[PDB]
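So here's one chain in two forms, each on its own in C-alpha cells, numbered structure 1 and structure 2.
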Structure 1
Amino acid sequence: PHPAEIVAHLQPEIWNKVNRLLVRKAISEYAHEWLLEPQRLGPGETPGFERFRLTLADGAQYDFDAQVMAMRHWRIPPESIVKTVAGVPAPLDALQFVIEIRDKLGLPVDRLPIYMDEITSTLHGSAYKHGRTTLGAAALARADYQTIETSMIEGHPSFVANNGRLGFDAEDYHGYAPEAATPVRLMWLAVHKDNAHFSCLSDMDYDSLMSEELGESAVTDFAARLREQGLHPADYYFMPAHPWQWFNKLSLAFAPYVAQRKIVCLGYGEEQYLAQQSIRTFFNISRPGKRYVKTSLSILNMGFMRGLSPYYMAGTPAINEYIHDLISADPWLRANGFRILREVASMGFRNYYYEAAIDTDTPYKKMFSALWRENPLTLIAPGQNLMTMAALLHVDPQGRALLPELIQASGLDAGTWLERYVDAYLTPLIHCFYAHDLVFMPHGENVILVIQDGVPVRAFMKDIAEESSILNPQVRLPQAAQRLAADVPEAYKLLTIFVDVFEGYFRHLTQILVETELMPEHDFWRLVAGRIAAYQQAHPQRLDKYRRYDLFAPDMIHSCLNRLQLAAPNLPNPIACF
C-alpha cells in the first residue's frame, strides 16, 4: 500500500516512551557491567531509592533513582531518569545516550555506527510492540502458547541492543518479525545430493519425515515437477528455507548452484507457520502435531545469526538422541518431568566455494540449513498449557507485570509458587550437572514451562545440539555426537548456573518480584538456596562433587554480555550466605 505505512508505528509520543525505557536498561545494564559507575547524590524521590548521577560527554548529565540489588544490579524506576545538557532539560534519547558514552563503550569507530543501527532497530521494534493492539498482563497470563509467544516484548533481558534484526527491510519486518504475528509459509527447494546431506534419529528416515511433514501428495508433486523440467528427483532432497533467506541470500550468493541446478526453487509450501521469538524457527499453525521448522537466516541480531555448520548438519540428531536417552534412563529426571525437545532431523546444503575459500569457522558455511524439532503440545495433558519462561519477566505496555497475574491465577502464594517453579526449572539443571556434567543454555527463550492452572509443573529445554555440553571428556559417546564432550577449566563448570541462571535471568526476575511486591529479594534467594540444599540432601552420595563445585561459594564469575557484544571482578554470590 502507501509506502509510509510501514513506519506508521513510528510516532513521537510512543518513540519517546520506548526511548525512556531503553535508556533505563542501557544505564542499568552498562552500570551492572562496570561500563558506567554512577555517583550517589542523595535520597531518591522514593524512599526505597538513592539518587545517582552520570556525568557524561557532550556536557550531558543523567540523574536517576536506583536501588542496587544483589549481583551489582541497578534497579531504576524509568520515570525517575532526568537528563540535562549544561543545565538544560533534555528528552531521553537512547541513541544519543549511546553516542554520549561512545568513549566508554570501547567500540572501534567503524563498528560504532553498526551498533547505533542495532540500537535504533531495537527502538523501532519496541515502538511497534508498544503501539500494537495486544493482550494485557492479566489476559496474557491466561492465554495459549502461541499468543504468549508472539506477545513477548522485551527480548533478551540483559542485552541492550537485543532486537536489531538488521537485514530485514521495512517490509520484511512486517512479514517476518515475530511480533507482527504474520503467518509465514516455507520456501521449498530441491537440493542436490552433491551438496546436500541429511541426518535423523536412529528410528526414523528422510522418507518418513517427509511423509509426516509434507504428506504424500506434496512429495509426489515435488518429484514430478523436478522430473517434468528434465531433472532427476533421485539426485535431490527436498529442503525448507526461510523466504527471506531465498530472496536475499540463496538466490543471489548461491547463484552458481541455482544456475547449475544444484538448488531448485519448488515454491511455497501450503501450510502456514508463525515465526517464534527466535525469528527463524516456525510453529505450524495450520496442522495439529507437526514439528517446528528451524531454518538458516542471515540477519544480524545481537550476534550474527547462523544455521547448522557442517558438523551440526550431521551430528545434531545424534546429540539429541544421546541426551534424550540419558534423561530418559535417569530415575530422578523421569520423576521430575524435565525433558528436552529433540531436534530430530537436520539437513544442510554445503557451499564448496565458501569452504574452499575459508578453512576456518565462518557464517558463510551456515547459510543454508534446516532442522525439525519436537512439538511440545503433543507431550502434555489436557488442562495444561505451555508458556516461554520469558513470560515470567513480561511487562505489558501499560506497565503491568504478567507474573503477579499468573501467580494469582494459580491460587498459590508467591512462596509456594516460586518453589514449584524452581524445582521445575533450576533443580533439574543442577541435577543434570552433578549427575551428568550436562549443561544447556537455560535462559528464558530456551525454556518452555508446562503450566497447569497457573502452576508451573515441569519444563522443556530446547536449542540442544548447539548449546549442550557434557563437561566430562571421558564420557563414552557415539561417533557423531563427539563434540558434545568438552574439556573445561574448573572455575567454568558452574557457569551455566552462576552466569546463565543466576545473573542472566534470576537477576531480572527478582526485580519483577520486588516491583510487584510479590517477594523480598532476600526471601527469593533463601528460597532458591533451600531448593538446592534440599536436592543435595536427597542425593548425599555426590557430596564430593558438591564440595568441589561449590554452589554456595562466597563469590562467582561475572560474565558481561553487553561488554562481549560490543567487542569483571567476581560478583557476590546471592545464596552464599545460606
Structure 2
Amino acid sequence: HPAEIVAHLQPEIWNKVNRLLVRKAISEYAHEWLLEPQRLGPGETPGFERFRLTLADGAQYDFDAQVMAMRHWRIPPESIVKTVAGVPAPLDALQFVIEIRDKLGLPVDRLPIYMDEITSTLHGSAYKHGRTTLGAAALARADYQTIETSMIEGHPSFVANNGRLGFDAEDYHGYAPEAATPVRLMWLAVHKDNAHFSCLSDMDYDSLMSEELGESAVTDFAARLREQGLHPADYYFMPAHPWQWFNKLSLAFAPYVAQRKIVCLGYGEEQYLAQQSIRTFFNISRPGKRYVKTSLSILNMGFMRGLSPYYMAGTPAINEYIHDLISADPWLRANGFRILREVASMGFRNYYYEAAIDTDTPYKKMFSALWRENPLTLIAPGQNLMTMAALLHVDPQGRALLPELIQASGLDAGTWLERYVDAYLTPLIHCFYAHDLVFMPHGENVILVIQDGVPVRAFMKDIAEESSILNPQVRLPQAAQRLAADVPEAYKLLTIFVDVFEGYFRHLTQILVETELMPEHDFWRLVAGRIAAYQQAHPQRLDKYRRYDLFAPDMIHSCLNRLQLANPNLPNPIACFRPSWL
C-alpha cells in the first residue's frame, strides 16, 4: 500500500519532533545573532531566565534559556510556548522558519529549497524517533555499526541538516542510514578514456580488485565484457550507489551508456550499510573490507553529495603523504592518533560537462568512488569503535548516552574527559603546531577507540577533501600538491576554534551540564590544562603558540546556518586560563 511509505508520519510524533527542531532552531539562530531574544525575567526552570521572541505578525515564543559559554543558548524543549495573538498554538518548525524569514536573509529563489530541507529533516526525525531503537545505556555498549545506524541528531549545529533531497519516499526506506537496510553496490565497467584510477604506491588496481571483489567476480565481469565483443583491457570496474545508477548515470550519462563507455554489470554479491554520510558504505558481508564512498546527487546539509574526479586523482597520494608523516612522528606514534587512508580512487570524467562548463560544478562530480581503510583491523582484541557523534546522542526517551558510557567506564567524569581530550584534541593541537596540518574534526569524521568505556585514541577520516598543510614551503609529490594551502594569519586556528570548540564542544558541555556530569567551567579548565601541558612539553614552538594564540580573549567563529541560508566577537572560553608564557 502506497500509504505505508509514510506510516511514521503521525500527529503526536510529528508534534514531538517539531518541538525538538524549534528548540534547535531558536538555540542555533540566536547563537548566530539571527535572533536576539528579549529577557523577561527569571525562568520557569531553576537557574534559567525567561526569554521572548516577538515577531511582526503576532507570533510570540516564550522559553527558558541559560546563555552558556560561546553565546550558547541552552533551552529545555518543554519550556517553549508559542502564542499566535495570545492564543496557544502547536510548535511547528516549518512555520517558525517562515515567521522569521525576514531575519534569515534567504534569497526568494533559495527559501523553498531550505523549507524542503527542514521538512525532510523533520520527516526523518519522526522516523528515527518512532523506529525500534536501543536505549542510551544499551547503545553506549553496542557494536560499531549498531551505533552508526542508531544516531539521531546529525550535525549538532545545522538546523536543516538531514534533507537528503532527491531521495523519494521509497528511496528513504532503502538508502537512509537510519533505515539500516543492507545495500548492494552497482558495478559498472567504465572505459579508460573516461575513468582514471589512483592508489597507494605499493598497491595496484589488480591487487585492490583481488581484495575487494575477488578473482572469481573479476573474472566473470571481464568475461561478460568479452562475450559482448568488448576488450576488458579498455575498462576498469567501478562501483556506484544504486540510486545514482537509476537516477543519474543511466539517464544523464546516456551517451556513454549508448556508446558502451559505461556498461552496467549489475549488483555486487556483498552487502553494505550506509554510514551517517549516506554515500559511504561499510561492508557487512565480510571482515576487514574497505569502506566504499560513492558519488550521490542528493542535496544534504549545504552541498550536493557527488565526488570530484579532479579531487580523486590526488586522493591516495595525499593520504599516503599524511600517513607517512604521522607514522614518522614519535609524539603521534606514542599517542596513537591516526588517519584512515583513502587508499584508492576512481574518477569518471564526463567530457560533455567538462567541455561545457569551465567552473567548479556538481555536474562534473556525479561518477566517482574511493576505498577507505577499515578501522577494525587497527585495534586491539576487546576494544570497540564508536563515531564521536555518539557522545552527543540522546535517545527517543530523552536519555543521554554519555553518562551511561562514563558510568560503564568506572571513572569519574573529570578523568574520563581528560582521556577523551588527550585522544581527540591534543593530537589536533600537535598536528597544527608541529606540522601545520589541519583536518575537519567533527563528530562524523572522528572515530573513538573505546576500551572498557574509555576513549584510548581516535581515528580521523575524510582526509583528502578536508585536510590542509598550512605551509606552502612543504615539499609534496606532484599528485599531492593541492594539500598545501596558505591561509591568513588570523584564520589559521579555524579548525580548532570553529570545528572543535564552537562546532562540537559547545554541544558537548550542554550534555555535561544537563546530565550533571560536569559544570562547563570545569570542562574548559580541563581543556585549557591539556593545551597548556602540551605547550609546556614542547616549549621550542613558543613562537607559534604566541602567533597563533589558543588563549586569545576572542576566538574565531563561524555562523554555519547563515552560511547555508546564504548558499560580533565571540569570547574564547579558555581565555581566562591563559598560561604565563603567553
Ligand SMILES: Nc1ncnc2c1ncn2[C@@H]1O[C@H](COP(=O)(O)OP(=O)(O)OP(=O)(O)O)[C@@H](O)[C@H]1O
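The first residue in the sequence of structure 1 is number 1, and each one after it adds one. Basically, rigid core = biggest C-alpha set you can superpose within 1.5 Å across the two forms.
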{"item": "Of structures 1 and 2, the one that is the form deposited with the ligand bound", "value": "2"}
{"item": "Single mover in 435, 485, 305, 166, with Cα shift of 2 Å or more between the two structures when the core is superposed", "value": "305"}
{"item": "Cα displacement of residue 466 between the two structures, core-superposed (Å)", "value": "0.2"}
{"item": "Once the two forms are fitted on their core, CA shift of residue 111 between the two structures in Å", "value": "1.1"}
{"item": "C-alpha positional change at residue 57 between the two structures - rigid core reference, Å", "value": "3.8"}
